[PDB]
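Quick heads-up: it's one chain on its own, the form deposited in one PDB entry, in structure tokens.
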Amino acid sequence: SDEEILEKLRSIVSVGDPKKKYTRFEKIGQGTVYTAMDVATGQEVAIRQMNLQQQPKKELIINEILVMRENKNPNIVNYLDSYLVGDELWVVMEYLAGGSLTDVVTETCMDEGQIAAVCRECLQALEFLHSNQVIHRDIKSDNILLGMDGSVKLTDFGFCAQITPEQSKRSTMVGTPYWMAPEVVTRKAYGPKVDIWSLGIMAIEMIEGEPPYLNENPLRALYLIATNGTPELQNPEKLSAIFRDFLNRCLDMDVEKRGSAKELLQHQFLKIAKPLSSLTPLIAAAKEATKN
């Protein structure tokens, strides 16, 4: 029900109008996203404003807020608050000034130490979510946001699933095709390891600048993923043996043998990680390249 949805949102949100608690609104996207500043803390924030009249699948937005509220983590972009003014919903997130992993991988060339650090941080978020019975289901570089200091944080819980021991598998196809695990199309029961596959595809992005089959229609990419299995690198000989092992564990066609997040946090590839601050020059370079 539309009313019932508004009543649920009313119960979730803080009271009143947010124009009090925040200032300095600059639009950066179009629902409509702004940067702004918390007048109290000084913190810079990203605010999404949605007219619920024009929002097709509002149960997903409720789910998104409740999951974010109850699953805070250092490696997840912090959800700060929400407000409802009539039909206008505001969601307030922390702002990370370093853009996204997509900016970095398209504008710069990461080394294996930098790649290992990013993969580690992402696996920390995945282990936490998976241990909490949450599957992200749309892992990709666009949903990895970066601080100027090299912080790595996962975002966008618009597609996530909550599972249980009695229903530990999902079948809805919600993910972005190029990052989607083959079992999502070949079977109708996937689990948390679809996020592990996606992380494997993000590692390919960090190496080559794009996921496999980017140049293909998404419909065709998905047929190719399902039929070709574990994707092939352009120049595997340029990678370390330990990085190739790590990729193999993320991109195993056999779901049982594919790594869990818990298992992959132990992988020796992660032990070559550089300090996260090693990313700062790449982040600065990508930000300058993408500013227009």
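Numbering starts at 1 and runs along the sequence shown. Each form is matched to the other, and the largest set of C-alpha atoms that superpose within 1.5 Å is called the rigid core.
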query	finding
Between neighbours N228 and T227, residues that the deposited sequence lists but the model omits	none
Entry-level comparison of average CA B-factors, 40-48 and 261-269, reporting the higher stretch	40-48
Residue stretch of maximal mean CA temperature factor, 100-108 vs 162-170	162-170
Maximum C-alpha temperature factor, selected from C250, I242, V33, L66	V33
Residue with highest C-alpha B-factor in the PDB entry, from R187, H136, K72, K140	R187
Within-chain third of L84 by Cα B-factor, per the entry	middle
Among modelled residues of the same chain, the CA temperature factor third for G200	lowest
Third of chain Cα B-factors occupied by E94	middle
Entry-reported Cα temperature factor of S277, expressed as the chain third it lands in	middle
CA B-factor ranking of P212, expressed as a third of its chain	middle
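Separately, the form deposited in another entry exists; it is not shown, and the next lines address it.
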{"item": "Residue from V134, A117, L80, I76 whose Cα, after superposing the rigid core, lies 2 Å or more away between this form and the one not shown", "value": "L80"}
{"item": "Exceeds or equals 2 Å, Cα of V91 between this form and the one not shown, core fit", "value": "yes"}
{"item": "Core fit, then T106 C-alpha moves 2 Å or more between this form and the one not shown", "value": "no"}
{"item": "Large Cα shift (2 Å or above) at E64 between this form and the one not shown, core-fitted", "value": "yes"}
